Amino acid sequence: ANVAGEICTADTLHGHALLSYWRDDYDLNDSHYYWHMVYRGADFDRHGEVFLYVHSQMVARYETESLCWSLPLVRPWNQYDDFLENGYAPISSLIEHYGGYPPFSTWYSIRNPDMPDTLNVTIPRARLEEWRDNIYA
Amino acid sequence: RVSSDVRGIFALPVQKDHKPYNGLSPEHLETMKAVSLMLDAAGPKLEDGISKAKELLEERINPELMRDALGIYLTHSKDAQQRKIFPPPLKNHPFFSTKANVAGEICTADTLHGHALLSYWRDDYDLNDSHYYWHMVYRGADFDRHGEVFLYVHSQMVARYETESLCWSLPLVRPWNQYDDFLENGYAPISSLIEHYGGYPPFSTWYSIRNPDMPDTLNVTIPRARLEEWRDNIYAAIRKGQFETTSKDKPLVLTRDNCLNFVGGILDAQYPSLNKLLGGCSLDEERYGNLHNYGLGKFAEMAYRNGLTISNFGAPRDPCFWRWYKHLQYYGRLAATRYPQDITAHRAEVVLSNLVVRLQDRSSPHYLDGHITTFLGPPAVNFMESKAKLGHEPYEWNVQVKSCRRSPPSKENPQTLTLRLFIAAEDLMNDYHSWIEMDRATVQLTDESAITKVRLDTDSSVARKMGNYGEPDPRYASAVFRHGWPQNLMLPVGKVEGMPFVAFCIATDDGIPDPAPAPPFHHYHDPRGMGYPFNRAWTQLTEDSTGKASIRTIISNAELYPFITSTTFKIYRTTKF
Amino acid sequence: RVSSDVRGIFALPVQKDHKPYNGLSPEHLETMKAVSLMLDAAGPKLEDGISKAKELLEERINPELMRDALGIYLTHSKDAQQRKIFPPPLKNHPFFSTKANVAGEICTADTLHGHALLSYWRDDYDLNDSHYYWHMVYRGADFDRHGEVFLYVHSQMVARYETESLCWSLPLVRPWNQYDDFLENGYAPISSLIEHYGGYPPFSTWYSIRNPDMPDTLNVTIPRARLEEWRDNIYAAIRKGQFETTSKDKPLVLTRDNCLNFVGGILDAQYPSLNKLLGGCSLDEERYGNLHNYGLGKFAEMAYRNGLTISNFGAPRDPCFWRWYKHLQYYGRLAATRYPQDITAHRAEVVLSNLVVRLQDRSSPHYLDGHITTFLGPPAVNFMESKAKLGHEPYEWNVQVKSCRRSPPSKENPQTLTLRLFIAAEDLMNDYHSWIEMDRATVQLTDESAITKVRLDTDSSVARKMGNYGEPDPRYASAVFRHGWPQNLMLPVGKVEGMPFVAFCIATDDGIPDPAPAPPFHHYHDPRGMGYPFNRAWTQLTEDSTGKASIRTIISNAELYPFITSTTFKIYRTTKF
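So this is what it looks like as structure tokens:
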């Protein structure tokens, strides 16, 4: 019935919260949404090239947008035992359907105990790191 | 069909043929009021007023003018009151509608300066709906104390606003004491409202003489210097202790008892009411003028840009009005220290102890007395709110009362006293005017033994008896107090770590109460003056010769003032997504 | 050995047997002044005063008292002036020494609130040394315009402080207009100074009556209410246009000409000087009191903690005094709008055009007229500075002047006029009192043709003629203007992106100058009143009936006011490590 807006408060305005206008942009989100429908179809040779380029190109824009407000550059998720120190909450209208995570959330080392095996195959952090190490090598 | 006539009228849009209206112009308010009386003059029943209204409307009277007139009319109609027919929710106002997409607020590094963070509090729907009804209540013509109420309500919302400011560690408000001042932050109504009226840029000011681009049909020229003169004269009168009358040597002499009513009354140009006390004499309206309402008019004039109807709408939303409200509060400070009062003069023969402010739910395993909780949830954007919707977990206060009366109270001869509860941010505690009223409650004793009186938040004499967004409360079908303080704003927001406040409770003997004024003025009836005992300076402090005495020492002195008690508590801020 | 006697005296430490002294108490200042006169009474030569001084010192008179007395004495001794013997640099003051390690400032997230960033400006050594000498200059007893100078200097430093505030986007100052106000940020002297005196916590206030823990030997009880009454009476008098005399019906009538001198004079309790103009009558000192100096006394009293000698030291460093200075400025605003002045009344018969503010070095390949530069370098911690040392690249201004006089000027009959230069932050431009004086310069014409007058920054009539830290300037061995405005602070700091300001230049005919007052009062001699033409309201605006007129419109109207011109320029902020 009521339209819930965003909680813009001194408590919620940390990290890259100001960039919310850019990340929540409807047309970015609708574009991204269709992109995956486009991408996930099976002539076209260069899936990997496109994958890397599109993602690198949106990072360059996101980071540049960050600099405009004099905010820090993004810390890449290069170390998989890293913390997400700011935590995240979807805009209030979306909180009904899914949630965020608190400050200093991390990957689960092995698995989420409270997440049923029917949703989620156990892939421990170490297993992903090994793949990463091998692609590096 | 009476109720849908009323909604139909309040929905009427201002069109381009309508004579322009300025709901913040004293001249236009005079006209509006006569039209309101016109409605009253059409007969004893509602359908009479509404017939006159329809008639005037199709004669093309301005609908905004009509909304103000009809609002007052309904509020003070005995027929409407008994038929429980009310002016509509603020939500029905034309400005709460477009002309497809719901525009939210621009929260940006560029727009987050000054007191922008407090937008959640100033845009609060229920504060705004309460304020909106308050003016309908106030603008009706038994009720004696318009000036006292005017000053108290405005001073009390300033104390709360300023305290709310301190919670976020923002600066205190600069009062609009100097009329050549700048508004350095500028203001933009929340995007949904920008359609119907605008704000003003950074470093806007009053116009020295007038807005050149504002038609004379909206706005009588009142130069800044003219307002300053009125101010200077009210200043001078308060210090001298008299307001000059039209007749040379019969000044109205200010007294401890009448100072706030008169100072407040004159600020709001209530010369007809105040004059009825001067035994055939008239207050000099040329000397003291109409400072409050012409003052508001200057902010309207400042904001008017390149006539178009101006609605008295959304004043609490705008930071410039809080600077004016704190200026109003200044007159209260002047009068209050000029006419001190004995803090013992109306003591109840009772000993107070053990004052506590607590959560109602005491189940938490970390629970303590004196640790209570607020939360910031999502604003309701369709109800014109921004940044957050404040609320608090249910609280209660209690206090221990034991009689002290020479004859033991009995079921045959009860002791009746009144408990008055105030809180203050610990830093502001020694300023009388920083004390926030939280409750006023009658206690009746029939024994020698100590009782514990308990009061819920939702029973507070100060509170508006509605849920969020004007949802009704079953328990309070009779006395809704629509123009009271919103329950969700009763507590200052506090700090995440828990902000220290002080609770103060005084027990007074108020004698036998005279009958409360008729609706809708029955909420502001107090033998002691609104905001007692913080509404005048205390003689125990003004006459202190040691220099040691403060509000803090007195309210910590259980020995010498047993009918007063105080206790510290903390308010903790929370976010609920 | 005269010079080393003086340094020896100024170095003398207050010891525990010395009778306590309060350099901010009016009672103690009276004593200090008599002691200063005592020094003067010992003879016509310096060695006379210094002999008396030594004598009094070994009689154990308080050394801080002596420093103030000796300072005034030296400043106004004709012997000392001609012998170029001066009161010592502020750097020699005992507080500029320990009792091993040099303590810097605590710059922390906890300590960076309010206006803490402006510390570089308030702690500036040369501002502080200038202010320190100014009081020695001012406190000497021909010179007529103490009150005018008092108000102007304080209003002019407030305009600069507030403008400096805007450059960092900080709030404007809340004036100390309400005496029951809080100081919500609290203050701590830079760590090197904390040894000799302390600050005060957040939300400190005046004491209502007195500091209980402050001995009566330092501090006469002046309750807050007593100061408010004085304030109220000065307010009332300004509006009424008279100050009451001791004799019932001979009030001193305020005039356009005398208002600031009298308002300023009374604020500073200069009843002996002001009374010499009332033809056998006396101003009512009971009604108007000594508000400025007792006011300063209340901040000293507020800051005094658990007697010990109190030095009048470092007032500009403390944010509470800027709130008092802006309160002083308020009296100036009241008087100024009450007695407007004709902006054409003293026009020079001249046409001004082409006003420019520029760098002196125009070699840069991105160079433009109207783009000038400030820098923030390291503070000199040993000179009690913090956060930065402001400075600016060398600038100049120039303007085009062409005669308009009926007889063409000639070498036989020159036209002499005075050019008056002011700047203002573009946002504050329509406030008279926000205009900052930058220069005043005589021009002599001998032809019909246009000249371009050029003025360097370092020749400014407003500026202190010293390098940083009181280093002398060869070119200005005679007129050092030690108590003038520091050259390094002449420009508001500006913004990195270049902050917009407006330059204003008026040409006046000042007639034939009367002889300038004797040293050390020769810097404040102006036929028009200090800060002209921004020192009173303009009649062109107070009498405007259109509502269109502002300072901005007038100073942009080359047609109607050809003897005024204005131009925009930008100040760019820089850091030099």
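Protein chains in written order, with the authors' numbering: chain A, 145 to 186, 196 to 290; chain A', 42 to 140, 145 to 186, 196 to 360, 369 to 639; chain A'', 42 to 140, 145 to 186, 196 to 360, 369 to 639. A prime marks a further copy of an entry chain. We put the CB at the ideal spot given by N, CA and C, even for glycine.
Secondary structure at A''/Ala-242: coil, using DSSP grouped into helix, strand and coil. A''/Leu-281 sits away from A''/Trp-222, with the two beta carbons spaced by 7 angstroms or more.
For A'/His-389, the uninterrupted alpha helix (DSSP H) run begins and ends at 381–400, by DSSP.
For the 7 angstroms CB-CB criterion, A'/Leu-314 and A'/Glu-202 form a contact. Annotation: the continuous beta strand (DSSP E) that includes A''/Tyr-634 extends over 626–634.
Going by DSSP, A'/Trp-179 is part of the alpha helix (DSSP H) stretching over 170–183. Pairing A''/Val-524 with A''/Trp-547 gives a Cβ-Cβ distance under 7 angstroms.
Taking the Cβ atoms as the reference, A'/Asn-347 lies roughly 16 angstroms from A'/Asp-380, outside the contact range of under 8 angstroms.
The Cβ of A/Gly-159 sits no closer than 7 angstroms to any Cβ of chain A'. A'/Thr-217 sits away from A'/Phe-437, with the two beta carbons spaced by 7 angstroms or more.
With contacts defined as CB atoms closer than 7 angstroms, A''/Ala-565 and A''/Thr-629 qualify as a contacting pair. Along the segment 370–383 of chain A'', none of the residues has a CB nearer than 7 angstroms to a CB of chain A'. Under the criterion of beta carbons closer than 8 angstroms, A''/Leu-80 and A''/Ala-110 qualify as touching, at roughly 6 angstroms. Within chain A', the residues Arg-228, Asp-235, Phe-236, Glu-238 have their CB atoms less than 9 angstroms from the CB of A''/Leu-226, given in chain order. At a cut-off of 7 angstroms between beta carbons, A''/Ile-320 makes no contact with chain A'.
Around A'/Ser-138, no beta-carbon contact reaches into chain A at under 7 angstroms, the shortest distance being about 14 angstroms. Taking 7 angstroms as the cut-off, the Cβ atoms of A'/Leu-115 and A'/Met-73 do not count as close. For A''/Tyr-634 and A''/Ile-485, the gap between their C-alpha atoms comes out near 15 angstroms. Taking the Cβ atoms as the reference, A'/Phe-51 lies roughly 6 angstroms from A'/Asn-133, within the contact range of under 8 angstroms. Chain A' has no Cβ within less than 7 angstroms of the Cβ of A''/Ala-407. A'/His-208 and A'/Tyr-387 do touch by the CB rule: their CB atoms are close to 5 angstroms apart, below 8 angstroms. Within the model, the alpha-carbon separation for A'/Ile-276 versus A''/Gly-295 is close to 22 angstroms. Buried is the label assigned to A''/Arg-482, since at least 16 other Cβ atoms lie within 10 Å of its Cβ. By the criterion of a C-beta distance shorter than 7 angstroms, A''/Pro-378 is surrounded in its chain by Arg-167, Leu-172, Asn-173, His-176, once the five residues flanking it on both sides are discounted.
Restricting attention to A''/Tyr-251, A''/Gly-532, A''/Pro-129, the CA atom closest to the CA of A''/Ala-442 is found in A''/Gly-532. Contiguous beta strand (DSSP E) elements confined to the segment 418–457 of chain A' occur at 433–439, 451–454, taking only those with 3 or more residues. From the beta-carbon of A'/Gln-403, no residue of chain A'' is found nearer than 8 angstroms; the closest lies around 15 angstroms away. In the DSSP assignment, A'/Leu-87 falls outside any beta strand (DSSP E) and lies within the alpha helix (DSSP H) extending over 87–99. Around the C-beta of A/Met-211, fewer than 16 other C-beta atoms lie within 10 Å, and the residue is accordingly described as exposed. The C-beta distance from A'/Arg-502 to A'/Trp-459 rounds to 12 angstroms, too long to fall under 8 angstroms, and the pair is not in contact. Annotated three-state conformation of A'/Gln-122 is helix, per DSSP.
Taking 7 angstroms as the threshold, the shortest C-beta distance from A''/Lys-610 to chain A' falls below it.
Going by beta carbons, A'/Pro-579 and A'/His-587 fall inside the 7 angstroms limit.
Identification of residues in the segment 196–209 of chain A having a C-beta nearer than 8 angstroms to some C-beta of chain A' yields an empty set. A'/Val-542 carries a coil assignment under DSSP once its states are collapsed to helix, strand and coil.
If you compare the alpha carbons of A'/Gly-593, A'/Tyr-233, A'/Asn-239, A'/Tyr-457 with that of A'/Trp-260, the shortest gap goes to A'/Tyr-233.
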